[PDB]
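See structure below.
Using ideal geometry, Cβ is built from the backbone for each residue, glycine included, and neighbour counts are taken over all protein chains shown. Bear in mind that the values in this text are calculations on the coordinates, not laboratory data.
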Amino acid sequence: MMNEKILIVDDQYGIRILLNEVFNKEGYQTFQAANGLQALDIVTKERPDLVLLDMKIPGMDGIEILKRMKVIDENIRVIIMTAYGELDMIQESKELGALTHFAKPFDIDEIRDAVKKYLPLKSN
């Protein structure tokens, strides 16, 4: 057994696995969602130590989801992902108490730093 979990929501395009195989390589329990609520439940279900969700979402942007999510509790930790075009939102996410903000073009290696910086990860 291990000690690490992570959740992925939207932005799924073969990247979720990339980081998956990473956390999975350790035996960590990771899950995926296709919305906020679904992530809210899957959040506690897998009670991960980190969650990755992308704002850009079909049918009710995450602007609110991520909002209500954090507004719900200040202990919720989730990462946002979107091109550096809606800095406006990305900004708020900061004052919202978000972990950070990544741009479409992102590297896992980089995410391994924040994760390895926030969580007891072991990335090269």
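Every residue in segment 58-70 that is surrounded by fewer than 20 Cβ atoms within 10 Å (Cβ to Cβ) and either under 16 Å from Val115 (Cα atoms) or of a type in the set (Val, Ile, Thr) (or both), please.
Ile63 - this is the single residue of segment 58-70 that is surrounded by fewer than 20 Cβ atoms within 10 Å (Cβ to Cβ) and either under 16 Å from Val115 (Cα atoms) or of a type in the set (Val, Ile, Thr) (or both).
From the set of residues in segment 71-102 that are over 13 Å from the mean Cα position of the chain (by Cα) and closer than 20 Å to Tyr13 by Cβ, which is surrounded by the most Cβ atoms within 10 Å (Cβ to Cβ)?
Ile90
Just need a number here: residues in segment 108-124 that are touching a residue at least 60 places away in the same chain (Cβ under 8 Å), in contact with a strand residue (DSSP E or B) (Cβ under 9 Å, 6 or more places away or on another chain) and part of a helix (DSSP H, G or I).
The qualifying residues number 2.
Among the numbered criteria (1) farther than 16 Å from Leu18 by Cα; (2) basic (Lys, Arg); (3) not in a helix (DSSP H, G or I), which single criterion is violated by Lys104?
(1)
Taking the criterion of being exposed (fewer than 14 other Cβ atoms within 10 Å of the Cβ) and over 27 Å from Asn3 (Cα atoms), would at least one residue in segment 104-111 satisfy it?
yes
Mind listing just one residue for me: the one in segment 1-39 that is more than 16 Å from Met55 (Cβ to Cβ), of a type in the set (A, V, I, L, M, F, W, C) and out of contact with any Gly (no Cβ under 8 Å at 6 or more places or on another chain) and, of those, surrounded by the most Cβ atoms within 10 Å (Cβ to Cβ)?
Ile6
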